[PDB]
$ cat coords_28.cif   # mmCIF, N, CA and C atoms
data_input
#
loop_
_atom_site.label_atom_id
_atom_site.label_comp_id
_atom_site.auth_asym_id
_atom_site.auth_seq_id
_atom_site.Cartn_x
_atom_site.Cartn_y
_atom_site.Cartn_z
N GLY A 148 8.87 -13.55 -4.93
CA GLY A 148 8.87 -14.78 -4.17
C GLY A 148 7.79 -15.73 -4.66
N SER A 149 6.60 -15.18 -4.89
CA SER A 149 5.49 -15.93 -5.47
C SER A 149 5.75 -16.19 -6.95
N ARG A 150 6.53 -15.31 -7.56
CA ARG A 150 6.84 -15.42 -8.98
C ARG A 150 7.56 -16.73 -9.28
N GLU A 151 8.02 -17.41 -8.23
CA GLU A 151 8.55 -18.76 -8.35
C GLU A 151 7.54 -19.66 -9.06
N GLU A 152 6.37 -19.80 -8.44
CA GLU A 152 5.26 -20.56 -8.99
C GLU A 152 4.66 -19.93 -10.24
N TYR A 153 4.32 -18.65 -10.16
CA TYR A 153 3.56 -17.99 -11.21
C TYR A 153 4.33 -16.85 -11.87
N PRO A 154 5.20 -17.19 -12.82
CA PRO A 154 6.01 -16.19 -13.53
C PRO A 154 5.17 -15.11 -14.20
N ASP A 155 3.88 -15.37 -14.41
CA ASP A 155 2.99 -14.37 -14.98
C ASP A 155 2.15 -13.58 -13.98
N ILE A 156 2.39 -13.80 -12.69
CA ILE A 156 1.52 -13.22 -11.67
C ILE A 156 1.36 -11.70 -11.75
N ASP A 157 2.46 -11.00 -12.03
CA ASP A 157 2.42 -9.56 -12.28
C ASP A 157 1.37 -9.23 -13.33
N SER A 158 1.46 -9.91 -14.48
CA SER A 158 0.59 -9.63 -15.62
C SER A 158 -0.86 -10.10 -15.43
N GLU A 159 -1.02 -11.27 -14.82
CA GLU A 159 -2.36 -11.72 -14.46
C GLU A 159 -3.04 -10.67 -13.58
N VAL A 160 -2.30 -10.19 -12.57
CA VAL A 160 -2.85 -9.21 -11.64
C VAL A 160 -3.14 -7.85 -12.30
N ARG A 161 -2.19 -7.34 -13.07
CA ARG A 161 -2.46 -6.13 -13.84
C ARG A 161 -3.75 -6.35 -14.62
N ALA A 162 -3.96 -7.57 -15.11
CA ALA A 162 -5.16 -7.83 -15.92
C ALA A 162 -6.43 -7.69 -15.10
N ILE A 163 -6.36 -8.16 -13.85
CA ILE A 163 -7.49 -8.07 -12.93
C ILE A 163 -7.83 -6.63 -12.58
N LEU A 164 -6.80 -5.83 -12.31
CA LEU A 164 -7.00 -4.43 -11.98
C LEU A 164 -7.55 -3.70 -13.20
N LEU A 165 -6.84 -3.82 -14.30
CA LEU A 165 -7.23 -3.21 -15.57
C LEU A 165 -8.71 -3.49 -15.79
N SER A 166 -9.10 -4.71 -15.46
CA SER A 166 -10.48 -5.14 -15.53
C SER A 166 -11.35 -4.29 -14.60
N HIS A 167 -10.91 -4.14 -13.35
CA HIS A 167 -11.71 -3.42 -12.33
C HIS A 167 -11.43 -1.92 -12.14
N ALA A 168 -10.61 -1.34 -13.00
CA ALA A 168 -10.08 0.00 -12.82
C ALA A 168 -11.08 1.15 -12.60
N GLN A 169 -12.34 0.98 -12.98
CA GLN A 169 -13.30 2.07 -12.74
C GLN A 169 -13.45 2.36 -11.25
N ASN A 170 -13.88 1.36 -10.48
CA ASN A 170 -14.03 1.49 -9.03
C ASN A 170 -12.89 0.92 -8.19
N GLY A 171 -11.93 0.26 -8.82
CA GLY A 171 -10.86 -0.36 -8.07
C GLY A 171 -11.42 -1.56 -7.32
N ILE A 172 -10.54 -2.45 -6.88
CA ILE A 172 -10.99 -3.75 -6.40
C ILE A 172 -10.35 -4.11 -5.07
N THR A 173 -11.09 -4.84 -4.24
CA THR A 173 -10.57 -5.24 -2.94
C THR A 173 -9.63 -6.42 -3.10
N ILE A 174 -9.05 -6.87 -1.99
CA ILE A 174 -8.19 -8.04 -2.05
C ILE A 174 -9.01 -9.30 -2.27
N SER A 175 -9.99 -9.55 -1.41
CA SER A 175 -10.79 -10.76 -1.52
C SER A 175 -11.37 -10.87 -2.93
N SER A 176 -11.78 -9.73 -3.46
CA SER A 176 -12.33 -9.66 -4.80
C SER A 176 -11.24 -9.92 -5.83
N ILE A 177 -10.00 -9.60 -5.48
CA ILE A 177 -8.89 -9.89 -6.38
C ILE A 177 -8.61 -11.38 -6.40
N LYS A 178 -8.55 -11.98 -5.22
CA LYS A 178 -8.37 -13.42 -5.09
C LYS A 178 -9.42 -14.15 -5.92
N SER A 179 -10.68 -13.78 -5.72
CA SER A 179 -11.76 -14.40 -6.47
C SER A 179 -11.57 -14.21 -7.98
N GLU A 180 -11.34 -12.96 -8.39
CA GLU A 180 -11.17 -12.66 -9.80
C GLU A 180 -10.05 -13.47 -10.42
N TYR A 181 -9.06 -13.84 -9.60
CA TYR A 181 -7.89 -14.55 -10.09
C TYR A 181 -8.17 -16.03 -10.26
N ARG A 182 -8.86 -16.60 -9.28
CA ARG A 182 -9.39 -17.95 -9.45
C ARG A 182 -10.06 -17.98 -10.80
N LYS A 183 -11.10 -17.17 -10.93
CA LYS A 183 -11.88 -17.11 -12.15
C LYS A 183 -11.08 -16.77 -13.40
N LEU A 184 -9.96 -16.09 -13.25
CA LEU A 184 -9.16 -15.72 -14.42
C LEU A 184 -8.24 -16.83 -14.93
N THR A 185 -7.48 -17.39 -13.99
CA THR A 185 -6.42 -18.33 -14.30
C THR A 185 -6.85 -19.78 -14.17
N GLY A 186 -8.01 -20.00 -13.58
CA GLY A 186 -8.41 -21.33 -13.16
C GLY A 186 -7.73 -21.77 -11.88
N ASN A 187 -6.79 -20.97 -11.40
CA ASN A 187 -6.05 -21.29 -10.19
C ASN A 187 -6.33 -20.31 -9.06
N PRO A 188 -6.09 -20.74 -7.81
CA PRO A 188 -6.35 -19.90 -6.65
C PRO A 188 -5.24 -18.87 -6.46
N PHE A 189 -5.57 -17.71 -5.91
CA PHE A 189 -4.54 -16.72 -5.68
C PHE A 189 -3.60 -17.24 -4.59
N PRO A 190 -2.31 -17.34 -4.92
CA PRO A 190 -1.30 -18.03 -4.11
C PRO A 190 -0.95 -17.39 -2.76
N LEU A 191 -1.19 -16.08 -2.61
CA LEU A 191 -0.78 -15.38 -1.39
C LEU A 191 -1.80 -15.41 -0.24
N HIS A 192 -1.32 -15.77 0.94
CA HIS A 192 -2.15 -15.87 2.13
C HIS A 192 -2.21 -14.52 2.85
N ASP A 193 -1.06 -14.05 3.32
CA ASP A 193 -1.00 -12.76 3.99
C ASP A 193 0.13 -11.90 3.43
N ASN A 194 0.12 -10.63 3.81
CA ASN A 194 0.99 -9.64 3.19
C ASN A 194 0.73 -9.62 1.70
N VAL A 195 -0.55 -9.75 1.34
CA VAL A 195 -0.98 -9.57 -0.03
C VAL A 195 -0.67 -8.15 -0.49
N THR A 196 -0.90 -7.19 0.40
CA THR A 196 -0.70 -5.78 0.09
C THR A 196 0.76 -5.49 -0.23
N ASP A 197 1.62 -5.98 0.64
CA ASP A 197 3.04 -5.75 0.48
C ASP A 197 3.51 -6.28 -0.86
N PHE A 198 2.89 -7.38 -1.30
CA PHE A 198 3.24 -8.02 -2.57
C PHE A 198 2.69 -7.25 -3.76
N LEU A 199 1.44 -6.82 -3.64
CA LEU A 199 0.76 -6.10 -4.71
C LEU A 199 1.43 -4.77 -5.01
N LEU A 200 1.97 -4.12 -3.98
CA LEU A 200 2.62 -2.83 -4.14
C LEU A 200 4.03 -3.00 -4.68
N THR A 201 4.39 -4.25 -4.93
CA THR A 201 5.61 -4.61 -5.64
C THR A 201 5.45 -4.48 -7.15
N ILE A 202 4.24 -4.75 -7.63
CA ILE A 202 3.92 -4.63 -9.04
C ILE A 202 3.81 -3.16 -9.44
N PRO A 203 4.64 -2.72 -10.39
CA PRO A 203 4.65 -1.31 -10.80
C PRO A 203 3.28 -0.76 -11.21
N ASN A 204 3.02 0.47 -10.76
CA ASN A 204 1.80 1.22 -11.07
C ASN A 204 0.55 0.81 -10.29
N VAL A 205 0.68 -0.22 -9.46
CA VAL A 205 -0.41 -0.64 -8.59
C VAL A 205 -0.53 0.34 -7.43
N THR A 206 -1.76 0.80 -7.20
CA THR A 206 -2.05 1.81 -6.19
C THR A 206 -3.04 1.24 -5.18
N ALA A 207 -2.96 1.75 -3.96
CA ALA A 207 -3.78 1.26 -2.87
C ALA A 207 -4.36 2.43 -2.09
N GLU A 208 -5.47 2.18 -1.38
CA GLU A 208 -6.06 3.19 -0.52
C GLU A 208 -7.35 2.70 0.13
N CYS A 209 -7.79 3.32 1.22
CA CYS A 209 -9.08 2.93 1.80
C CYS A 209 -10.24 3.69 1.16
N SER A 210 -11.28 2.95 0.81
CA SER A 210 -12.44 3.49 0.11
C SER A 210 -13.36 4.24 1.05
N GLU A 211 -14.52 4.65 0.53
CA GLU A 211 -15.53 5.29 1.36
C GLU A 211 -15.94 4.36 2.49
N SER A 212 -15.89 3.07 2.21
CA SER A 212 -16.24 2.04 3.18
C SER A 212 -15.05 1.72 4.09
N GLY A 213 -13.92 2.37 3.84
CA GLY A 213 -12.73 2.16 4.64
C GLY A 213 -12.04 0.85 4.33
N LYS A 214 -12.47 0.23 3.23
CA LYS A 214 -11.88 -1.01 2.73
C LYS A 214 -10.64 -0.71 1.91
N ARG A 215 -9.60 -1.52 2.05
CA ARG A 215 -8.39 -1.31 1.25
C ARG A 215 -8.61 -1.72 -0.21
N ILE A 216 -8.12 -0.89 -1.12
CA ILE A 216 -8.52 -0.96 -2.52
C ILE A 216 -7.41 -0.64 -3.51
N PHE A 217 -7.30 -1.48 -4.55
CA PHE A 217 -6.17 -1.46 -5.47
C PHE A 217 -6.58 -1.14 -6.90
N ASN A 218 -5.65 -0.58 -7.66
CA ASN A 218 -5.95 -0.07 -9.00
C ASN A 218 -4.63 0.28 -9.71
N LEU A 219 -4.68 0.91 -10.88
CA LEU A 219 -3.44 1.32 -11.56
C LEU A 219 -3.43 2.83 -11.82
N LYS A 220 -2.34 3.37 -12.37
CA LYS A 220 -2.18 4.83 -12.32
C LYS A 220 -3.00 5.66 -13.33
N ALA A 221 -3.73 6.64 -12.80
CA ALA A 221 -4.52 7.55 -13.62
C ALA A 221 -3.76 8.84 -13.92
N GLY B 148 -4.65 1.63 16.84
CA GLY B 148 -3.72 0.87 16.03
C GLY B 148 -2.43 0.53 16.76
N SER B 149 -1.30 0.94 16.19
CA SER B 149 -0.07 1.04 16.97
C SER B 149 -0.10 2.41 17.68
N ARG B 150 -1.08 3.22 17.29
CA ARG B 150 -1.41 4.46 17.97
C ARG B 150 -1.70 4.15 19.42
N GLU B 151 -1.97 2.89 19.70
CA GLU B 151 -2.24 2.45 21.07
C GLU B 151 -1.02 2.67 21.93
N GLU B 152 0.14 2.26 21.42
CA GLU B 152 1.39 2.40 22.14
C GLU B 152 2.01 3.78 22.01
N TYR B 153 1.91 4.38 20.82
CA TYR B 153 2.61 5.63 20.57
C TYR B 153 1.68 6.85 20.45
N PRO B 154 1.73 7.73 21.46
CA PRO B 154 0.66 8.72 21.65
C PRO B 154 0.49 9.70 20.50
N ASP B 155 1.60 10.26 20.02
CA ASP B 155 1.52 11.26 18.96
C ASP B 155 1.81 10.78 17.53
N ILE B 156 2.03 9.48 17.38
CA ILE B 156 2.44 8.85 16.11
C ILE B 156 1.56 9.22 14.91
N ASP B 157 0.24 9.12 15.10
CA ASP B 157 -0.72 9.52 14.09
C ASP B 157 -0.39 10.93 13.58
N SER B 158 -0.57 11.94 14.44
CA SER B 158 -0.38 13.34 14.06
C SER B 158 1.02 13.69 13.56
N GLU B 159 2.03 12.99 14.08
CA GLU B 159 3.40 13.13 13.60
C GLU B 159 3.53 12.73 12.13
N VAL B 160 3.14 11.49 11.84
CA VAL B 160 3.24 10.95 10.49
C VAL B 160 2.37 11.73 9.50
N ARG B 161 1.17 12.10 9.93
CA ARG B 161 0.31 12.92 9.11
C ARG B 161 0.95 14.29 8.86
N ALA B 162 1.65 14.83 9.86
CA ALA B 162 2.35 16.10 9.68
C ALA B 162 3.39 15.96 8.58
N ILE B 163 4.17 14.89 8.66
CA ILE B 163 5.15 14.59 7.61
C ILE B 163 4.55 14.41 6.20
N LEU B 164 3.44 13.69 6.12
CA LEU B 164 2.75 13.55 4.85
C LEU B 164 2.35 14.91 4.32
N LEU B 165 1.60 15.63 5.14
CA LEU B 165 1.10 16.96 4.82
C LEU B 165 2.22 17.85 4.29
N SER B 166 3.37 17.83 4.96
CA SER B 166 4.53 18.55 4.46
C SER B 166 4.90 18.06 3.07
N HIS B 167 4.85 16.74 2.87
CA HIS B 167 5.25 16.10 1.60
C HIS B 167 4.18 15.82 0.54
N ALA B 168 2.97 16.32 0.77
CA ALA B 168 1.81 15.97 -0.05
C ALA B 168 1.96 16.28 -1.55
N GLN B 169 3.00 17.01 -1.92
CA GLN B 169 3.21 17.37 -3.32
C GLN B 169 3.74 16.21 -4.16
N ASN B 170 4.96 15.76 -3.86
CA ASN B 170 5.55 14.63 -4.58
C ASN B 170 5.40 13.26 -3.89
N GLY B 171 4.81 13.24 -2.70
CA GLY B 171 4.75 12.01 -1.94
C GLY B 171 6.12 11.64 -1.40
N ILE B 172 6.18 10.61 -0.57
CA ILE B 172 7.41 10.30 0.15
C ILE B 172 7.60 8.79 0.41
N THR B 173 8.85 8.35 0.41
CA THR B 173 9.18 6.96 0.70
C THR B 173 9.04 6.69 2.19
N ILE B 174 9.34 5.47 2.60
CA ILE B 174 9.32 5.09 4.01
C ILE B 174 10.58 5.53 4.78
N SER B 175 11.74 5.38 4.16
CA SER B 175 12.98 5.77 4.82
C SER B 175 13.04 7.29 5.01
N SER B 176 12.50 8.03 4.04
CA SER B 176 12.39 9.47 4.14
C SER B 176 11.44 9.84 5.27
N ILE B 177 10.36 9.08 5.39
CA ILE B 177 9.40 9.29 6.45
C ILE B 177 10.05 9.06 7.81
N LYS B 178 10.96 8.09 7.87
CA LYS B 178 11.63 7.76 9.12
C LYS B 178 12.62 8.84 9.50
N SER B 179 13.47 9.23 8.55
CA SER B 179 14.50 10.23 8.83
C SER B 179 13.85 11.58 9.13
N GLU B 180 12.72 11.85 8.48
CA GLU B 180 11.90 13.01 8.81
C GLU B 180 11.42 12.91 10.24
N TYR B 181 10.73 11.83 10.57
CA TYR B 181 10.20 11.67 11.92
C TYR B 181 11.29 11.88 12.96
N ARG B 182 12.51 11.45 12.63
CA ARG B 182 13.63 11.67 13.53
C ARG B 182 13.96 13.15 13.63
N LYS B 183 14.10 13.80 12.48
CA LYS B 183 14.47 15.21 12.44
C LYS B 183 13.45 16.06 13.20
N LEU B 184 12.19 15.65 13.11
CA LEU B 184 11.05 16.34 13.67
C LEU B 184 10.87 16.08 15.17
N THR B 185 10.99 14.83 15.59
CA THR B 185 10.86 14.51 17.01
C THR B 185 12.19 14.37 17.72
N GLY B 186 13.29 14.49 16.98
CA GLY B 186 14.60 14.22 17.54
C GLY B 186 14.68 12.80 18.08
N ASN B 187 13.72 11.96 17.69
CA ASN B 187 13.63 10.57 18.17
C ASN B 187 13.55 9.55 17.04
N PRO B 188 13.83 8.27 17.36
CA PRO B 188 13.82 7.19 16.36
C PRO B 188 12.40 6.84 15.98
N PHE B 189 12.19 6.40 14.74
CA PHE B 189 10.88 5.93 14.32
C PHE B 189 10.52 4.64 15.06
N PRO B 190 9.41 4.67 15.81
CA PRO B 190 8.99 3.61 16.73
C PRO B 190 8.64 2.30 16.05
N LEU B 191 7.96 2.35 14.91
CA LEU B 191 7.50 1.12 14.24
C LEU B 191 8.64 0.35 13.59
N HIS B 192 8.52 -0.97 13.61
CA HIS B 192 9.56 -1.83 13.05
C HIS B 192 9.01 -2.68 11.90
N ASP B 193 8.06 -3.55 12.20
CA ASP B 193 7.49 -4.44 11.20
C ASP B 193 6.10 -3.97 10.77
N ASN B 194 5.76 -4.23 9.51
CA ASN B 194 4.42 -3.94 8.97
C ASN B 194 4.01 -2.47 8.92
N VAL B 195 4.91 -1.60 8.47
CA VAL B 195 4.63 -0.17 8.40
C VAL B 195 3.58 0.21 7.34
N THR B 196 3.59 -0.51 6.22
CA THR B 196 2.72 -0.19 5.09
C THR B 196 1.23 -0.28 5.43
N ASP B 197 0.86 -1.34 6.14
CA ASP B 197 -0.53 -1.48 6.55
C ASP B 197 -0.86 -0.30 7.47
N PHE B 198 0.10 0.08 8.31
CA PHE B 198 -0.10 1.20 9.21
C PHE B 198 -0.48 2.44 8.41
N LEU B 199 0.45 2.91 7.59
CA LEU B 199 0.21 4.09 6.79
C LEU B 199 -1.10 4.00 6.02
N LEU B 200 -1.44 2.81 5.55
CA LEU B 200 -2.68 2.64 4.78
C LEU B 200 -3.92 2.71 5.67
N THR B 201 -3.70 2.58 6.98
CA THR B 201 -4.78 2.81 7.94
C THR B 201 -5.11 4.29 8.13
N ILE B 202 -4.14 5.16 7.87
CA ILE B 202 -4.33 6.59 8.00
C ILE B 202 -5.27 7.14 6.93
N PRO B 203 -6.35 7.82 7.36
CA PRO B 203 -7.32 8.42 6.44
C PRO B 203 -6.69 9.35 5.40
N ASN B 204 -7.07 9.16 4.14
CA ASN B 204 -6.63 9.99 3.02
C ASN B 204 -5.24 9.66 2.46
N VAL B 205 -4.57 8.67 3.05
CA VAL B 205 -3.30 8.17 2.49
C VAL B 205 -3.44 7.19 1.29
N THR B 206 -2.49 7.30 0.35
CA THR B 206 -2.40 6.42 -0.81
C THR B 206 -0.96 5.95 -1.08
N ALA B 207 -0.75 4.64 -1.02
CA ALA B 207 0.50 4.01 -1.46
C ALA B 207 0.50 3.73 -2.95
N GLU B 208 1.68 3.79 -3.57
CA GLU B 208 1.79 3.46 -4.98
C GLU B 208 3.15 2.86 -5.31
N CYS B 209 3.22 2.12 -6.40
CA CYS B 209 4.51 1.62 -6.85
C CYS B 209 4.95 2.38 -8.09
N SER B 210 5.99 3.20 -7.95
CA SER B 210 6.50 3.97 -9.08
C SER B 210 7.08 3.00 -10.10
N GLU B 211 7.21 3.44 -11.35
CA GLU B 211 7.82 2.58 -12.37
C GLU B 211 9.28 2.29 -12.01
N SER B 212 9.80 3.07 -11.06
CA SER B 212 11.15 2.87 -10.55
C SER B 212 11.22 1.72 -9.55
N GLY B 213 10.05 1.29 -9.07
CA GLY B 213 9.98 0.22 -8.09
C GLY B 213 9.77 0.75 -6.69
N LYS B 214 9.90 2.07 -6.54
CA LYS B 214 9.74 2.75 -5.26
C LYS B 214 8.31 2.69 -4.74
N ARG B 215 8.18 2.51 -3.44
CA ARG B 215 6.87 2.57 -2.81
C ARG B 215 6.65 3.96 -2.21
N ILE B 216 5.73 4.70 -2.83
CA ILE B 216 5.52 6.11 -2.54
C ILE B 216 4.16 6.38 -1.93
N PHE B 217 4.20 6.92 -0.72
CA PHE B 217 3.01 7.28 0.04
C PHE B 217 2.68 8.74 -0.19
N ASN B 218 1.39 9.06 -0.17
CA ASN B 218 0.93 10.42 -0.36
C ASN B 218 -0.49 10.61 0.21
N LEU B 219 -1.07 11.79 0.00
CA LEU B 219 -2.41 12.03 0.48
C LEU B 219 -3.34 12.03 -0.71
N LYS B 220 -4.53 11.47 -0.57
CA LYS B 220 -5.44 11.38 -1.70
C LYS B 220 -5.56 12.77 -2.31
N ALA B 221 -5.37 12.85 -3.62
CA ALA B 221 -5.44 14.11 -4.33
C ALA B 221 -6.85 14.68 -4.24
N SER B 222 -6.93 16.00 -4.10
CA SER B 222 -8.20 16.70 -3.99
C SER B 222 -8.68 17.19 -5.35
N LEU B 223 -9.83 16.69 -5.78
CA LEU B 223 -10.34 17.00 -7.11
C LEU B 223 -10.99 18.39 -7.19
#
$ encode --input "coords_28.cif" --output "structure tokens"
Amino acid sequence: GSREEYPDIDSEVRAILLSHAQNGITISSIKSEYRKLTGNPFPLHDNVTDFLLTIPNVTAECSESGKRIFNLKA
Amino acid sequence: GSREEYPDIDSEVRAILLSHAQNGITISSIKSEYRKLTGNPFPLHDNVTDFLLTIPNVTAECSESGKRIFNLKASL
């Protein structure tokens, strides 16, 4: 649905995770990383998680801090 | 959570995960399981994924098949 605007969003995002894959990255941190990556703001307001788990190999879970956290497959 | 409305929902779903902790499980499988197990319909309707992700030790993933697969954090 977002791929309407950003046909590369899957790949931009994989790039962000790939970047953060050691500790995995939060959503807010993903949004920020994406601004900084593309020069553009992360397009999704809510149900970011539902969207992210659409991208193959993207994984999610709550950290030690109980924060939701995304990464790719080990 | 929605645990507010549904008294045993937590332990039910965790029971299903625990049973399935080997290969992980989809959402529809989780529902039909919950039915088979409680003889009742799965209570939740909208926003199930955030729910499951609220459960301690759970991990969602997107298979290369496109499937959304829930499981329990692997023990190292």
$ residues_around --input "coords_28.cif" --residues "residue 217 in chain A" --least-positions-apart "3" --cutoff "7 Å" --atoms "only C-alpha atoms" --output "PyMOL selection string"
chain A and resi 171-173+205-208
$ residues_around --input "coords_28.cif" --residues "residue 221 in chain B" --least-positions-apart "6" --cutoff "8 Å" --atoms "only N, CA and C atoms" --output "ChimeraX atom specification"
/B:204-206
$ residues_near_point --input "coords_28.cif" --point "(-3.6, -4.8, -10.4)" --cutoff "6.5 Å" --atoms "all atoms listed in the file" --output "list in words"
residues 160, 161, 162, 163, 164, 165, 205, 217, 218 and 219 of chain A
$ atom_distance --input "coords_28.cif" --atom1 "CA of residue 223 in chain B" --atom2 "CA of residue 160 in chain B"
23.0 Å
$ resolve_selection --input "coords_28.cif" --expression "the PyMOL selection byres ((chain B) within 7 of (chain A))" --output "ChimeraX atom specification"
/B:200,204-213,215
$ resolve_selection --input "coords_28.cif" --expression "the PyMOL selection byres (((chain B and resi 174 and name CA) around 10) and name CA)" --output "NGL selection string"
:B and (172-173 or 175-180 or 195-196 or 199 or 214-217)
$ select_by_dssp --input "coords_28.cif" --residues "chain A" --states "helix (DSSP H, G or I)" --output "VMD selection string"
chain A and resid 149 to 151 156 to 167 174 to 185 195 to 199
$ resolve_selection --input "coords_28.cif" --expression "the PyMOL selection byres (((chain B and resi 161 and name CA) around 10) and name CA)" --output "PDB file with N, CA and C atoms, in the coordinates of the input"
ATOM      1  N   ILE B 156       2.030   9.480  17.380  1.00  0.00           N
ATOM      2  CA  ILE B 156       2.440   8.850  16.110  1.00  0.00           C
ATOM      3  C   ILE B 156       1.560   9.220  14.910  1.00  0.00           C
ATOM      4  N   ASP B 157       0.240   9.120  15.100  1.00  0.00           N
ATOM      5  CA  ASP B 157      -0.720   9.520  14.090  1.00  0.00           C
ATOM      6  C   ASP B 157      -0.390  10.930  13.580  1.00  0.00           C
ATOM      7  N   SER B 158      -0.570  11.940  14.440  1.00  0.00           N
ATOM      8  CA  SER B 158      -0.380  13.340  14.060  1.00  0.00           C
ATOM      9  C   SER B 158       1.020  13.690  13.560  1.00  0.00           C
ATOM     10  N   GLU B 159       2.030  12.990  14.080  1.00  0.00           N
ATOM     11  CA  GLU B 159       3.400  13.130  13.600  1.00  0.00           C
ATOM     12  C   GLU B 159       3.530  12.730  12.130  1.00  0.00           C
ATOM     13  N   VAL B 160       3.140  11.490  11.840  1.00  0.00           N
ATOM     14  CA  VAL B 160       3.240  10.950  10.490  1.00  0.00           C
ATOM     15  C   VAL B 160       2.370  11.730   9.500  1.00  0.00           C
ATOM     16  N   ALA B 162       1.650  14.830   9.860  1.00  0.00           N
ATOM     17  CA  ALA B 162       2.350  16.100   9.680  1.00  0.00           C
ATOM     18  C   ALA B 162       3.390  15.960   8.580  1.00  0.00           C
ATOM     19  N   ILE B 163       4.170  14.890   8.660  1.00  0.00           N
ATOM     20  CA  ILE B 163       5.150  14.590   7.610  1.00  0.00           C
ATOM     21  C   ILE B 163       4.550  14.410   6.200  1.00  0.00           C
ATOM     22  N   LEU B 164       3.440  13.690   6.120  1.00  0.00           N
ATOM     23  CA  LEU B 164       2.750  13.550   4.850  1.00  0.00           C
ATOM     24  C   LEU B 164       2.350  14.910   4.320  1.00  0.00           C
ATOM     25  N   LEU B 165       1.600  15.630   5.140  1.00  0.00           N
ATOM     26  CA  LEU B 165       1.100  16.960   4.820  1.00  0.00           C
ATOM     27  C   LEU B 165       2.220  17.850   4.290  1.00  0.00           C
ATOM     28  N   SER B 166       3.370  17.830   4.960  1.00  0.00           N
ATOM     29  CA  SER B 166       4.530  18.550   4.460  1.00  0.00           C
ATOM     30  C   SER B 166       4.900  18.060   3.070  1.00  0.00           C
ATOM     31  N   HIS B 167       4.850  16.740   2.870  1.00  0.00           N
ATOM     32  CA  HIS B 167       5.250  16.100   1.600  1.00  0.00           C
ATOM     33  C   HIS B 167       4.180  15.820   0.540  1.00  0.00           C
ATOM     34  N   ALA B 168       2.970  16.320   0.770  1.00  0.00           N
ATOM     35  CA  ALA B 168       1.810  15.970  -0.050  1.00  0.00           C
ATOM     36  C   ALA B 168       1.960  16.280  -1.550  1.00  0.00           C
ATOM     37  N   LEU B 199       0.450   2.910   7.590  1.00  0.00           N
ATOM     38  CA  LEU B 199       0.210   4.090   6.790  1.00  0.00           C
ATOM     39  C   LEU B 199      -1.100   4.000   6.020  1.00  0.00           C
ATOM     40  N   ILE B 202      -4.140   5.160   7.870  1.00  0.00           N
ATOM     41  CA  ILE B 202      -4.330   6.590   8.000  1.00  0.00           C
ATOM     42  C   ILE B 202      -5.270   7.140   6.930  1.00  0.00           C
ATOM     43  N   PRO B 203      -6.350   7.820   7.360  1.00  0.00           N
ATOM     44  CA  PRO B 203      -7.320   8.420   6.440  1.00  0.00           C
ATOM     45  C   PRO B 203      -6.690   9.350   5.400  1.00  0.00           C
ATOM     46  N   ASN B 204      -7.070   9.160   4.140  1.00  0.00           N
ATOM     47  CA  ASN B 204      -6.630   9.990   3.020  1.00  0.00           C
ATOM     48  C   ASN B 204      -5.240   9.660   2.460  1.00  0.00           C
ATOM     49  N   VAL B 205      -4.570   8.670   3.050  1.00  0.00           N
ATOM     50  CA  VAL B 205      -3.300   8.170   2.490  1.00  0.00           C
ATOM     51  C   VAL B 205      -3.440   7.190   1.290  1.00  0.00           C
ATOM     52  N   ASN B 218       1.390   9.060  -0.170  1.00  0.00           N
ATOM     53  CA  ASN B 218       0.930  10.420  -0.360  1.00  0.00           C
ATOM     54  C   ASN B 218      -0.490  10.610   0.210  1.00  0.00           C
ATOM     55  N   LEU B 219      -1.070  11.790   0.000  1.00  0.00           N
ATOM     56  CA  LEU B 219      -2.410  12.030   0.480  1.00  0.00           C
ATOM     57  C   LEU B 219      -3.340  12.030  -0.710  1.00  0.00           C
TER      58      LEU B 219
END
$ select_by_dssp --input "coords_28.cif" --residues "chain A" --states "strand (DSSP E or B)" --output "list in words"
residues 172, 206, 207, 208, 209, 215, 216, 217 and 218 of chain A
$ write_last_selection --input "coords_28.cif" --atoms "N, CA and C atoms" --output "mmCIF file, keeping the file's coordinate frame"
data_model
loop_
_atom_site.group_PDB
_atom_site.id
_atom_site.type_symbol
_atom_site.label_atom_id
_atom_site.label_comp_id
_atom_site.auth_asym_id
_atom_site.auth_seq_id
_atom_site.Cartn_x
_atom_site.Cartn_y
_atom_site.Cartn_z
ATOM 1 N N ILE A 172 -10.540 -2.450 -6.880
ATOM 2 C CA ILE A 172 -10.990 -3.750 -6.400
ATOM 3 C C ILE A 172 -10.350 -4.110 -5.070
ATOM 4 N N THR A 206 -1.760 0.800 -7.200
ATOM 5 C CA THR A 206 -2.050 1.810 -6.190
ATOM 6 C C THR A 206 -3.040 1.240 -5.180
ATOM 7 N N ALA A 207 -2.960 1.750 -3.960
ATOM 8 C CA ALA A 207 -3.780 1.260 -2.870
ATOM 9 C C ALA A 207 -4.360 2.430 -2.090
ATOM 10 N N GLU A 208 -5.470 2.180 -1.380
ATOM 11 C CA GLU A 208 -6.060 3.190 -0.520
ATOM 12 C C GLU A 208 -7.350 2.700 0.130
ATOM 13 N N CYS A 209 -7.790 3.320 1.220
ATOM 14 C CA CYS A 209 -9.080 2.930 1.800
ATOM 15 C C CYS A 209 -10.240 3.690 1.160
ATOM 16 N N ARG A 215 -9.600 -1.520 2.050
ATOM 17 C CA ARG A 215 -8.390 -1.310 1.250
ATOM 18 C C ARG A 215 -8.610 -1.720 -0.210
ATOM 19 N N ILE A 216 -8.120 -0.890 -1.120
ATOM 20 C CA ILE A 216 -8.520 -0.960 -2.520
ATOM 21 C C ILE A 216 -7.410 -0.640 -3.510
ATOM 22 N N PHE A 217 -7.300 -1.480 -4.550
ATOM 23 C CA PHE A 217 -6.170 -1.460 -5.470
ATOM 24 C C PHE A 217 -6.580 -1.140 -6.900
ATOM 25 N N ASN A 218 -5.650 -0.580 -7.660
ATOM 26 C CA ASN A 218 -5.950 -0.070 -9.000
ATOM 27 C C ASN A 218 -4.630 0.280 -9.710
#
$ atom_distance --input "coords_28.cif" --atom1 "CA of residue 153 in chain B" --atom2 "atom N of residue 193 in chain B"
13.6 Å
$ atom_distance --input "coords_28.cif" --atom1 "CA of residue 157 in chain A" --atom2 "atom C of residue 169 in chain A"
19.9 Å
